[PDB]
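Just work.pdb here, PDB, C-alpha atoms and all ligand atoms:
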```pdb
MODEL        1
ATOM      1  CA  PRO T   1      14.829  65.233  22.030  1.00  0.00           C
ATOM      2  CA  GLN T   2      13.808  61.814  20.574  1.00  0.00           C
ATOM      3  CA  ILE T   3      16.716  59.352  20.386  1.00  0.00           C
ATOM      4  CA  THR T   4      16.680  56.073  18.428  1.00  0.00           C
ATOM      5  CA  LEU T   5      18.818  53.102  19.368  1.00  0.00           C
ATOM      6  CA  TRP T   6      20.684  52.116  16.215  1.00  0.00           C
ATOM      7  CA  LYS T   7      23.789  53.519  17.845  1.00  0.00           C
ATOM      8  CA  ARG T   8      24.673  53.737  21.579  1.00  0.00           C
ATOM      9  CA  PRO T   9      22.645  56.575  23.154  1.00  0.00           C
ATOM     10  CA  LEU T  10      25.726  58.580  24.064  1.00  0.00           C
ATOM     11  CA  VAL T  11      25.312  62.166  25.185  1.00  0.00           C
ATOM     12  CA  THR T  12      27.432  64.983  26.587  1.00  0.00           C
ATOM     13  CA  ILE T  13      26.941  65.836  30.224  1.00  0.00           C
ATOM     14  CA  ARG T  14      28.368  68.602  32.360  1.00  0.00           C
ATOM     15  CA  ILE T  15      29.292  67.655  35.921  1.00  0.00           C
ATOM     16  CA  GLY T  16      31.531  69.566  38.385  1.00  0.00           C
ATOM     17  CA  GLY T  17      32.203  72.125  35.618  1.00  0.00           C
ATOM     18  CA  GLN T  18      33.651  69.475  33.269  1.00  0.00           C
ATOM     19  CA  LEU T  19      32.240  67.852  30.108  1.00  0.00           C
ATOM     20  CA  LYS T  20      31.984  64.078  29.843  1.00  0.00           C
ATOM     21  CA  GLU T  21      30.301  61.563  27.520  1.00  0.00           C
ATOM     22  CA  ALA T  22      27.775  59.109  29.024  1.00  0.00           C
ATOM     23  CA  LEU T  23      25.323  56.425  27.968  1.00  0.00           C
ATOM     24  CA  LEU T  24      21.598  56.884  28.632  1.00  0.00           C
ATOM     25  CA  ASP T  25      20.894  53.608  30.377  1.00  0.00           C
ATOM     26  CA  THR T  26      17.355  52.502  31.232  1.00  0.00           C
ATOM     27  CA  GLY T  27      18.808  49.257  32.664  1.00  0.00           C
ATOM     28  CA  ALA T  28      20.710  51.138  35.388  1.00  0.00           C
ATOM     29  CA  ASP T  29      19.120  52.136  38.664  1.00  0.00           C
ATOM     30  CA  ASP T  30      21.888  54.688  39.345  1.00  0.00           C
ATOM     31  CA  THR T  31      24.299  57.045  37.594  1.00  0.00           C
ATOM     32  CA  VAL T  32      27.908  55.856  37.559  1.00  0.00           C
ATOM     33  CA  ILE T  33      30.832  57.907  36.267  1.00  0.00           C
ATOM     34  CA  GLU T  34      34.529  57.054  35.873  1.00  0.00           C
ATOM     35  CA  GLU T  35      37.018  58.192  38.511  1.00  0.00           C
ATOM     36  CA  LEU T  36      37.119  61.964  38.874  1.00  0.00           C
ATOM     37  CA  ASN T  37      37.068  64.413  41.826  1.00  0.00           C
ATOM     38  CA  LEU T  38      33.770  65.913  42.894  1.00  0.00           C
ATOM     39  CA  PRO T  39      33.224  68.740  45.313  1.00  0.00           C
ATOM     40  CA  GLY T  40      31.431  67.625  48.450  1.00  0.00           C
ATOM     41  CA  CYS T  41      31.850  64.659  50.748  1.00  0.00           C
ATOM     42  CA  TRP T  42      31.245  61.084  49.601  1.00  0.00           C
ATOM     43  CA  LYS T  43      30.719  57.705  51.205  1.00  0.00           C
ATOM     44  CA  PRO T  44      31.616  54.169  50.111  1.00  0.00           C
ATOM     45  CA  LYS T  45      29.045  51.949  48.380  1.00  0.00           C
ATOM     46  CA  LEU T  46      29.073  48.790  46.229  1.00  0.00           C
ATOM     47  CA  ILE T  47      27.019  48.361  43.036  1.00  0.00           C
ATOM     48  CA  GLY T  48      26.585  45.454  40.721  1.00  0.00           C
ATOM     49  CA  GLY T  49      25.747  44.199  37.377  1.00  0.00           C
ATOM     50  CA  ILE T  50      26.910  41.402  35.135  1.00  0.00           C
ATOM     51  CA  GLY T  51      29.761  39.589  36.869  1.00  0.00           C
ATOM     52  CA  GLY T  52      29.191  41.037  40.309  1.00  0.00           C
ATOM     53  CA  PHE T  53      30.216  44.202  42.036  1.00  0.00           C
ATOM     54  CA  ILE T  54      32.538  47.179  42.179  1.00  0.00           C
ATOM     55  CA  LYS T  55      33.336  49.695  44.938  1.00  0.00           C
ATOM     56  CA  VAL T  56      32.213  53.266  44.289  1.00  0.00           C
ATOM     57  CA  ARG T  57      32.074  56.683  45.992  1.00  0.00           C
ATOM     58  CA  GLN T  58      28.551  58.020  46.442  1.00  0.00           C
ATOM     59  CA  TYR T  59      28.085  61.795  46.080  1.00  0.00           C
ATOM     60  CA  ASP T  60      24.605  63.187  46.796  1.00  0.00           C
ATOM     61  CA  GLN T  61      22.864  66.283  45.456  1.00  0.00           C
ATOM     62  CA  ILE T  62      25.248  66.849  42.502  1.00  0.00           C
ATOM     63  CA  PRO T  63      24.090  69.084  39.692  1.00  0.00           C
ATOM     64  CA  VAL T  64      24.378  67.392  36.278  1.00  0.00           C
ATOM     65  CA  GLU T  65      23.307  68.889  32.947  1.00  0.00           C
ATOM     66  CA  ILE T  66      22.337  66.120  30.517  1.00  0.00           C
ATOM     67  CA  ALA T  67      21.994  67.234  26.942  1.00  0.00           C
ATOM     68  CA  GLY T  68      20.983  70.669  28.265  1.00  0.00           C
ATOM     69  CA  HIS T  69      18.482  69.351  30.795  1.00  0.00           C
ATOM     70  CA  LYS T  70      19.128  69.961  34.459  1.00  0.00           C
ATOM     71  CA  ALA T  71      19.214  67.282  37.156  1.00  0.00           C
ATOM     72  CA  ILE T  72      20.476  67.384  40.710  1.00  0.00           C
ATOM     73  CA  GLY T  73      20.994  63.984  42.337  1.00  0.00           C
ATOM     74  CA  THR T  74      23.194  61.101  43.332  1.00  0.00           C
ATOM     75  CA  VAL T  75      26.338  60.308  41.280  1.00  0.00           C
ATOM     76  CA  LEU T  76      28.423  57.180  41.968  1.00  0.00           C
ATOM     77  CA  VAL T  77      32.091  57.476  41.011  1.00  0.00           C
ATOM     78  CA  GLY T  78      34.269  54.454  40.358  1.00  0.00           C
ATOM     79  CA  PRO T  79      35.768  51.983  37.929  1.00  0.00           C
ATOM     80  CA  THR T  80      32.812  51.568  35.656  1.00  0.00           C
ATOM     81  CA  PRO T  81      33.554  50.469  32.091  1.00  0.00           C
ATOM     82  CA  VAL T  82      31.352  53.198  30.629  1.00  0.00           C
ATOM     83  CA  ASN T  83      29.887  56.409  32.137  1.00  0.00           C
ATOM     84  CA  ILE T  84      26.131  55.783  32.536  1.00  0.00           C
ATOM     85  CA  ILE T  85      23.127  57.935  33.321  1.00  0.00           C
ATOM     86  CA  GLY T  86      20.687  55.784  35.232  1.00  0.00           C
ATOM     87  CA  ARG T  87      17.076  56.020  36.172  1.00  0.00           C
ATOM     88  CA  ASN T  88      17.648  58.293  39.182  1.00  0.00           C
ATOM     89  CA  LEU T  89      18.603  61.131  36.842  1.00  0.00           C
ATOM     90  CA  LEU T  90      16.635  60.007  33.721  1.00  0.00           C
ATOM     91  CA  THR T  91      13.411  60.483  35.727  1.00  0.00           C
ATOM     92  CA  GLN T  92      14.516  64.009  36.630  1.00  0.00           C
ATOM     93  CA  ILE T  93      14.788  64.994  32.963  1.00  0.00           C
ATOM     94  CA  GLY T  94      11.505  63.387  32.004  1.00  0.00           C
ATOM     95  CA  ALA T  95      12.869  60.512  29.968  1.00  0.00           C
ATOM     96  CA  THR T  96      10.575  57.708  28.895  1.00  0.00           C
ATOM     97  CA  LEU T  97      10.862  54.681  26.627  1.00  0.00           C
ATOM     98  CA  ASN T  98       8.340  54.586  23.826  1.00  0.00           C
ATOM     99  CA  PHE T  99       7.499  51.784  21.474  1.00  0.00           C
ATOM    100  CA  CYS T 100       6.904  52.437  17.799  1.00  0.00           C
ATOM    101  CA  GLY T 101       7.964  56.011  18.247  1.00  0.00           C
ATOM    102  CA  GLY T 102       5.235  56.675  20.758  1.00  0.00           C
ATOM    103  CA  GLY T 103       2.454  54.814  19.013  1.00  0.00           C
ATOM    104  CA  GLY T 104       3.018  51.965  21.429  1.00  0.00           C
ATOM    105  CA  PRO T 105       3.236  51.717  25.173  1.00  0.00           C
ATOM    106  CA  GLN T 106       5.052  54.408  27.101  1.00  0.00           C
ATOM    107  CA  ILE T 107       7.255  53.086  29.814  1.00  0.00           C
ATOM    108  CA  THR T 108       8.276  55.476  32.570  1.00  0.00           C
ATOM    109  CA  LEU T 109      11.464  54.909  34.512  1.00  0.00           C
ATOM    110  CA  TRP T 110      10.291  55.299  38.070  1.00  0.00           C
ATOM    111  CA  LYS T 111      10.867  51.571  38.493  1.00  0.00           C
ATOM    112  CA  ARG T 112      12.831  49.038  36.469  1.00  0.00           C
ATOM    113  CA  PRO T 113      11.366  48.759  32.955  1.00  0.00           C
ATOM    114  CA  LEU T 114      10.414  45.087  33.147  1.00  0.00           C
ATOM    115  CA  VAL T 115       8.187  43.568  30.481  1.00  0.00           C
ATOM    116  CA  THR T 116       6.977  40.157  29.385  1.00  0.00           C
ATOM    117  CA  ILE T 117       8.750  38.505  26.480  1.00  0.00           C
ATOM    118  CA  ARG T 118       8.163  35.269  24.588  1.00  0.00           C
ATOM    119  CA  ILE T 119      11.205  33.236  23.555  1.00  0.00           C
ATOM    120  CA  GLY T 120      11.587  29.558  22.579  1.00  0.00           C
ATOM    121  CA  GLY T 121       7.925  29.107  23.459  1.00  0.00           C
ATOM    122  CA  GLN T 122       8.474  30.409  26.987  1.00  0.00           C
ATOM    123  CA  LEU T 123       7.228  33.570  28.667  1.00  0.00           C
ATOM    124  CA  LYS T 124       9.842  35.397  30.729  1.00  0.00           C
ATOM    125  CA  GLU T 125      10.294  38.794  32.371  1.00  0.00           C
ATOM    126  CA  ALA T 126      13.055  41.008  30.947  1.00  0.00           C
ATOM    127  CA  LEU T 127      14.519  44.476  31.442  1.00  0.00           C
ATOM    128  CA  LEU T 128      14.483  46.920  28.539  1.00  0.00           C
ATOM    129  CA  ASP T 129      18.114  48.153  28.626  1.00  0.00           C
ATOM    130  CA  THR T 130      19.186  50.944  26.329  1.00  0.00           C
ATOM    131  CA  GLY T 131      22.678  50.545  27.802  1.00  0.00           C
ATOM    132  CA  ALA T 132      22.933  46.961  26.399  1.00  0.00           C
ATOM    133  CA  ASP T 133      24.174  46.356  22.903  1.00  0.00           C
ATOM    134  CA  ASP T 134      22.913  42.769  22.979  1.00  0.00           C
ATOM    135  CA  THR T 135      20.086  40.748  24.421  1.00  0.00           C
ATOM    136  CA  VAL T 136      21.038  38.339  27.264  1.00  0.00           C
ATOM    137  CA  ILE T 137      18.685  35.706  28.588  1.00  0.00           C
ATOM    138  CA  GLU T 138      19.080  33.599  31.689  1.00  0.00           C
ATOM    139  CA  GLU T 139      20.213  30.086  31.182  1.00  0.00           C
ATOM    140  CA  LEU T 140      17.640  28.390  28.989  1.00  0.00           C
ATOM    141  CA  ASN T 141      17.915  25.058  27.163  1.00  0.00           C
ATOM    142  CA  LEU T 142      17.393  26.392  23.610  1.00  0.00           C
ATOM    143  CA  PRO T 143      17.879  23.769  20.941  1.00  0.00           C
ATOM    144  CA  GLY T 144      20.224  24.737  18.129  1.00  0.00           C
ATOM    145  CA  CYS T 145      23.756  25.581  17.088  1.00  0.00           C
ATOM    146  CA  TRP T 146      25.576  28.347  19.022  1.00  0.00           C
ATOM    147  CA  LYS T 147      28.963  30.063  19.195  1.00  0.00           C
ATOM    148  CA  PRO T 148      30.866  31.042  22.325  1.00  0.00           C
ATOM    149  CA  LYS T 149      31.094  34.697  23.244  1.00  0.00           C
ATOM    150  CA  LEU T 150      32.144  36.837  26.224  1.00  0.00           C
ATOM    151  CA  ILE T 151      30.150  39.927  27.233  1.00  0.00           C
ATOM    152  CA  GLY T 152      30.987  42.532  29.737  1.00  0.00           C
ATOM    153  CA  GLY T 153      29.104  44.480  32.358  1.00  0.00           C
ATOM    154  CA  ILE T 154      29.885  46.332  35.524  1.00  0.00           C
ATOM    155  CA  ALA T 155      31.637  43.647  37.475  1.00  0.00           C
ATOM    156  CA  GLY T 156      33.515  41.945  34.613  1.00  0.00           C
ATOM    157  CA  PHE T 157      32.815  39.471  31.786  1.00  0.00           C
ATOM    158  CA  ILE T 158      30.646  36.366  31.568  1.00  0.00           C
ATOM    159  CA  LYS T 159      30.737  33.583  29.024  1.00  0.00           C
ATOM    160  CA  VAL T 160      27.547  33.153  26.991  1.00  0.00           C
ATOM    161  CA  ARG T 161      26.222  31.105  24.122  1.00  0.00           C
ATOM    162  CA  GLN T 162      25.328  33.156  21.047  1.00  0.00           C
ATOM    163  CA  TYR T 163      22.272  31.940  19.089  1.00  0.00           C
ATOM    164  CA  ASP T 164      21.211  33.674  15.880  1.00  0.00           C
ATOM    165  CA  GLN T 165      17.809  34.264  14.267  1.00  0.00           C
ATOM    166  CA  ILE T 166      15.808  33.581  17.453  1.00  0.00           C
ATOM    167  CA  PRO T 167      12.303  35.076  17.491  1.00  0.00           C
ATOM    168  CA  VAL T 168      11.590  37.193  20.574  1.00  0.00           C
ATOM    169  CA  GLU T 169       8.161  38.754  21.074  1.00  0.00           C
ATOM    170  CA  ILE T 170       8.399  41.810  23.360  1.00  0.00           C
ATOM    171  CA  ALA T 171       5.081  43.011  24.848  1.00  0.00           C
ATOM    172  CA  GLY T 172       3.339  41.565  21.778  1.00  0.00           C
ATOM    173  CA  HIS T 173       5.778  43.032  19.234  1.00  0.00           C
ATOM    174  CA  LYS T 174       7.715  40.480  17.081  1.00  0.00           C
ATOM    175  CA  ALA T 175      11.492  40.744  16.776  1.00  0.00           C
ATOM    176  CA  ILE T 176      14.040  38.225  15.571  1.00  0.00           C
ATOM    177  CA  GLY T 177      17.759  38.330  16.088  1.00  0.00           C
ATOM    178  CA  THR T 178      20.764  37.264  18.164  1.00  0.00           C
ATOM    179  CA  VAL T 179      20.207  36.132  21.760  1.00  0.00           C
ATOM    180  CA  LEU T 180      22.981  35.482  24.246  1.00  0.00           C
ATOM    181  CA  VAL T 181      22.356  32.827  26.902  1.00  0.00           C
ATOM    182  CA  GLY T 182      24.245  32.775  30.180  1.00  0.00           C
ATOM    183  CA  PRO T 183      24.248  33.557  33.880  1.00  0.00           C
ATOM    184  CA  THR T 184      22.824  37.020  34.005  1.00  0.00           C
ATOM    185  CA  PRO T 185      20.908  38.111  37.162  1.00  0.00           C
ATOM    186  CA  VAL T 186      18.156  39.684  35.047  1.00  0.00           C
ATOM    187  CA  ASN T 187      17.056  38.939  31.486  1.00  0.00           C
ATOM    188  CA  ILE T 188      18.078  41.916  29.340  1.00  0.00           C
ATOM    189  CA  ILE T 189      16.587  43.145  26.042  1.00  0.00           C
ATOM    190  CA  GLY T 190      19.267  45.178  24.286  1.00  0.00           C
ATOM    191  CA  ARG T 191      19.426  47.513  21.366  1.00  0.00           C
ATOM    192  CA  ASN T 192      19.683  44.792  18.790  1.00  0.00           C
ATOM    193  CA  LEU T 193      15.991  43.915  19.392  1.00  0.00           C
ATOM    194  CA  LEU T 194      14.738  47.287  20.722  1.00  0.00           C
ATOM    195  CA  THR T 195      15.490  48.855  17.292  1.00  0.00           C
ATOM    196  CA  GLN T 196      13.308  46.261  15.592  1.00  0.00           C
ATOM    197  CA  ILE T 197      10.281  47.334  17.583  1.00  0.00           C
ATOM    198  CA  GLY T 198      10.814  51.077  17.030  1.00  0.00           C
ATOM    199  CA  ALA T 199      11.719  51.797  20.649  1.00  0.00           C
ATOM    200  CA  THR T 200      12.916  55.342  21.284  1.00  0.00           C
ATOM    201  CA  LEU T 201      14.021  57.397  24.242  1.00  0.00           C
ATOM    202  CA  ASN T 202      12.105  60.629  24.601  1.00  0.00           C
ATOM    203  CA  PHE T 203      12.628  63.754  26.780  1.00  0.00           C
TER     204      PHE T 203
HETATM  205  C1  LIG S   1      28.450  49.312  32.234  1.00  0.00           C
HETATM  206  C2  LIG S   1      28.378  48.911  30.773  1.00  0.00           C
HETATM  207  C3  LIG S   1      27.180  49.562  30.055  1.00  0.00           C
HETATM  208  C4  LIG S   1      25.948  49.509  30.959  1.00  0.00           C
HETATM  209  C5  LIG S   1      25.320  48.143  31.151  1.00  0.00           C
HETATM  210  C6  LIG S   1      23.897  48.246  31.673  1.00  0.00           C
HETATM  211  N1  LIG S   1      23.503  46.915  32.112  1.00  0.00           N
HETATM  212  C7  LIG S   1      22.690  46.772  33.317  1.00  0.00           C
HETATM  213  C8  LIG S   1      22.244  45.321  33.490  1.00  0.00           C
HETATM  214  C9  LIG S   1      21.292  45.204  34.688  1.00  0.00           C
HETATM  215  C10 LIG S   1      21.651  44.033  35.595  1.00  0.00           C
HETATM  216  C11 LIG S   1      21.819  42.730  34.840  1.00  0.00           C
HETATM  217  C12 LIG S   1      23.470  47.210  34.543  1.00  0.00           C
HETATM  218  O1  LIG S   1      24.688  47.103  34.601  1.00  0.00           O
HETATM  219  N2  LIG S   1      22.826  47.812  35.525  1.00  0.00           N
HETATM  220  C13 LIG S   1      23.417  48.218  36.809  1.00  0.00           C
HETATM  221  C14 LIG S   1      24.145  49.563  36.686  1.00  0.00           C
HETATM  222  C15 LIG S   1      24.779  50.056  38.004  1.00  0.00           C
HETATM  223  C16 LIG S   1      23.845  50.879  38.855  1.00  0.00           C
HETATM  224  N3  LIG S   1      24.074  50.907  40.152  1.00  0.00           N
HETATM  225  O2  LIG S   1      22.923  51.469  38.351  1.00  0.00           O
HETATM  226  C17 LIG S   1      22.353  48.250  37.891  1.00  0.00           C
HETATM  227  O3  LIG S   1      21.246  48.756  37.717  1.00  0.00           O
HETATM  228  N4  LIG S   1      22.725  47.693  39.035  1.00  0.00           N
HETATM  229  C18 LIG S   1      21.832  47.488  40.137  1.00  0.00           C
HETATM  230  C19 LIG S   1      21.416  46.004  40.172  1.00  0.00           C
HETATM  231  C20 LIG S   1      21.624  45.240  41.463  1.00  0.00           C
HETATM  232  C21 LIG S   1      22.952  44.456  41.501  1.00  0.00           C
HETATM  233  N5  LIG S   1      22.860  43.198  42.251  1.00  0.00           N
HETATM  234  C22 LIG S   1      22.453  43.071  43.521  1.00  0.00           C
HETATM  235  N6  LIG S   1      22.069  44.126  44.230  1.00  0.00           N
HETATM  236  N7  LIG S   1      22.428  41.862  44.096  1.00  0.00           N
HETATM  237  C23 LIG S   1      22.474  47.965  41.442  1.00  0.00           C
HETATM  238  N8  LIG S   1      21.864  48.936  42.117  1.00  0.00           N
HETATM  239  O4  LIG S   1      23.660  47.681  41.715  1.00  0.00           O
HETATM  240  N9  LIG S   1      25.410  47.335  29.943  1.00  0.00           N
HETATM  241  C24 LIG S   1      25.955  46.128  29.993  1.00  0.00           C
HETATM  242  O5  LIG S   1      26.417  45.690  31.071  1.00  0.00           O
HETATM  243  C25 LIG S   1      26.045  45.356  28.663  1.00  0.00           C
HETATM  244  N10 LIG S   1      27.309  45.685  28.020  1.00  0.00           N
HETATM  245  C26 LIG S   1      27.413  46.284  26.837  1.00  0.00           C
HETATM  246  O6  LIG S   1      26.433  46.584  26.148  1.00  0.00           O
HETATM  247  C27 LIG S   1      28.823  46.577  26.322  1.00  0.00           C
HETATM  248  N11 LIG S   1      29.922  46.213  27.233  1.00  0.00           N
HETATM  249  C28 LIG S   1      30.705  47.082  27.905  1.00  0.00           C
HETATM  250  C29 LIG S   1      31.873  46.409  28.607  1.00  0.00           C
HETATM  251  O7  LIG S   1      30.629  48.315  27.750  1.00  0.00           O
HETATM  252  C30 LIG S   1      28.980  45.832  25.014  1.00  0.00           C
HETATM  253  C31 LIG S   1      30.275  46.290  24.351  1.00  0.00           C
HETATM  254  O8  LIG S   1      29.072  44.427  25.281  1.00  0.00           O
HETATM  255  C32 LIG S   1      25.872  43.834  28.885  1.00  0.00           C
HETATM  256  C33 LIG S   1      24.452  43.502  29.408  1.00  0.00           C
HETATM  257  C34 LIG S   1      26.157  43.029  27.600  1.00  0.00           C
HETATM  258  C35 LIG S   1      25.188  43.306  26.486  1.00  0.00           C
ENDMDL
END
```
Since I need it in another form, could you write the structure as structure tokens?
Amino acid sequence: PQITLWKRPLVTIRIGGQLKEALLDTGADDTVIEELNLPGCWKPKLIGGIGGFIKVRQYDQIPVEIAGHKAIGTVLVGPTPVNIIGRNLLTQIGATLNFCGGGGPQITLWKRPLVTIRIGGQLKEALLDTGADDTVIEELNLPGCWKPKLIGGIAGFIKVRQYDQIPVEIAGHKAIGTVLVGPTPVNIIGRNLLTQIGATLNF
């Protein structure tokens, strides 16, 4: 299919013989699912995101059907806020990110989808994250009025400053919208701006 990003890219998956809902997440290296039992042995791991880290159980070589497409790979199980399908399985099902519906660059998911952005007259690197509702940029002295906000990721919540109507050029494509500024470990471009540049998931 081709999936646009006006809504969360939620899909049904089948795993261990059970159906679950999960978010297609280009900003996640790995696939993380809420607590459940999986056949096979597991080992302890920690994974991170906004706010730090959680403990998970790593299961290897798990079959997962994702919208009807087969994958067999690593599934982390633990207290994630949302079930996410990460790049390890997205690559198996042939998923790419495409600008302007495929008229623009195609970004494969073998490595983190990092691109150059321009914001407040600065160039920065940022991750295209279909699993992010909002755009979050590392602490940056933007002039202007802001409102406080809290946003939440794998390890908890962080406090950010919300600025509205900020232009953000993404790989040469002009967007304008809300930007959150705070202590993120990676600058994140979320769906609010991805939709403006016609970015789609395709597989
Ligand atoms: C879990 C909630 C949905 C997925 C997540 C994907 N975000 C990326 C951000 C990338 C880092 C800043 C992420 O968590 N990626 C993880 C996913 C876990 C995983 N293992 O794949 C990752 O790749 N982690 C790497 C990064 C390294 C961590 N640090 C380190 N090694 N030192 C890792 N392998 O642990 N989205 C979010 O965290 C966003 N949250 C949301 O969009 C929504 N919030 C919630 C609570 O659902 C909305 C309601 O606010 C944040 C950014 C606010 C807009």
(request) Output the residue selection produced by the PyMOL selection byres (((not hetatm)) within 8 of (chain S and resi 1)) on the file above, formatted as JSON, numbers by chain. (result) {"T": [23, 25, 26, 27, 28, 29, 30, 31, 32, 46, 47, 48, 49, 50, 52, 53, 76, 80, 81, 82, 83, 84, 86, 87, 127, 129, 130, 131, 132, 133, 134, 135, 136, 151, 152, 153, 154, 156, 157, 184, 185, 186, 187, 188, 190]}
(message) What's the separation between atom CA of residue T:8 and atom CA of residue T:61, in Å to one decimal place?
(response) 27.0 Å
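Using all atoms listed in the file, the nearest neighbour of residue T:172 within the list T:73, T:63, T:104, T:79 is T:104.
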(request) Name the residues captured by the PyMOL selection byres (((chain T and resi 35) around 6) and not hetatm) when it is applied to the shown file; answer as a PyMOL selection string. (result) chain T and resi 34+36+77-78
Using 3 Å of padding on each side, determine the axis-aligned box around all atoms of stretch 113-118 of chain T present in the file and give its centre and edge lengths in Å to one decimal, as AutoDock Vina command-line options.
```
--center_x 9.2 --center_y 42.0 --center_z 28.9 --size_x 10.4 --size_y 19.5 --size_z 14.6
```
(request) I would like the residues chosen by the PyMOL selection byres (((chain T and resi 60) around 10) and not hetatm) on the shown file; could you give them as a ChimeraX atom specification? (result) /T:40-43,57-59,61-63,72-76
(request) Considering only C-alpha atoms, state which residue in the set T:24, T:143, T:54, T:33 is at the smallest distance from residue T:7. (result)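 The closest residue to residue T:7 is T:24.
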Output of stretch 75-88 of chain T limited to N, CA and C atoms, as a PDB file, in the first residue's frame:
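Resulting contents of out.pdb:
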```pdb
ATOM      1  N   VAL T  75      11.837  -8.924  17.951  1.00  0.00           N
ATOM      2  CA  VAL T  75      10.727  -8.185  18.581  1.00  0.00           C
ATOM      3  C   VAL T  75      11.144  -7.936  20.032  1.00  0.00           C
ATOM      4  N   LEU T  76      11.089  -6.690  20.469  1.00  0.00           N
ATOM      5  CA  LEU T  76      11.357  -6.335  21.865  1.00  0.00           C
ATOM      6  C   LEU T  76      10.001  -6.212  22.535  1.00  0.00           C
ATOM      7  N   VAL T  77       9.865  -6.783  23.725  1.00  0.00           N
ATOM      8  CA  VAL T  77       8.617  -6.744  24.468  1.00  0.00           C
ATOM      9  C   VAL T  77       8.828  -6.047  25.799  1.00  0.00           C
ATOM     10  N   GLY T  78       7.993  -5.068  26.081  1.00  0.00           N
ATOM     11  CA  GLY T  78       8.128  -4.292  27.305  1.00  0.00           C
ATOM     12  C   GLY T  78       7.173  -3.147  27.390  1.00  0.00           C
ATOM     13  N   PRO T  79       7.370  -2.289  28.403  1.00  0.00           N
ATOM     14  CA  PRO T  79       6.416  -1.233  28.708  1.00  0.00           C
ATOM     15  C   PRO T  79       6.518  -0.019  27.802  1.00  0.00           C
ATOM     16  N   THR T  80       6.324  -0.242  26.522  1.00  0.00           N
ATOM     17  CA  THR T  80       6.348   0.851  25.588  1.00  0.00           C
ATOM     18  C   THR T  80       4.979   1.543  25.642  1.00  0.00           C
ATOM     19  N   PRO T  81       4.929   2.867  25.490  1.00  0.00           N
ATOM     20  CA  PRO T  81       3.637   3.510  25.383  1.00  0.00           C
ATOM     21  C   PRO T  81       2.729   3.107  24.251  1.00  0.00           C
ATOM     22  N   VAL T  82       3.326   2.736  23.100  1.00  0.00           N
ATOM     23  CA  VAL T  82       2.621   2.422  21.888  1.00  0.00           C
ATOM     24  C   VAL T  82       3.380   1.261  21.237  1.00  0.00           C
ATOM     25  N   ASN T  83       2.666   0.312  20.646  1.00  0.00           N
ATOM     26  CA  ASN T  83       3.328  -0.770  19.878  1.00  0.00           C
ATOM     27  C   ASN T  83       3.929  -0.142  18.614  1.00  0.00           C
ATOM     28  N   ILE T  84       5.208  -0.412  18.320  1.00  0.00           N
ATOM     29  CA  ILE T  84       5.809   0.224  17.136  1.00  0.00           C
ATOM     30  C   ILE T  84       6.516  -0.811  16.301  1.00  0.00           C
ATOM     31  N   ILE T  85       6.366  -0.680  14.994  1.00  0.00           N
ATOM     32  CA  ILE T  85       7.153  -1.427  14.015  1.00  0.00           C
ATOM     33  C   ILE T  85       8.289  -0.512  13.544  1.00  0.00           C
ATOM     34  N   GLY T  86       9.509  -0.957  13.823  1.00  0.00           N
ATOM     35  CA  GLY T  86      10.692  -0.206  13.548  1.00  0.00           C
ATOM     36  C   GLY T  86      11.421  -0.672  12.345  1.00  0.00           C
ATOM     37  N   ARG T  87      12.518  -0.025  12.053  1.00  0.00           N
ATOM     38  CA  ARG T  87      13.190  -0.240  10.766  1.00  0.00           C
ATOM     39  C   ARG T  87      13.616  -1.684  10.518  1.00  0.00           C
ATOM     40  N   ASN T  88      13.940  -2.430  11.563  1.00  0.00           N
ATOM     41  CA  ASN T  88      14.355  -3.819  11.387  1.00  0.00           C
ATOM     42  C   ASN T  88      13.319  -4.647  10.647  1.00  0.00           C
TER      43      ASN T  88
END
```
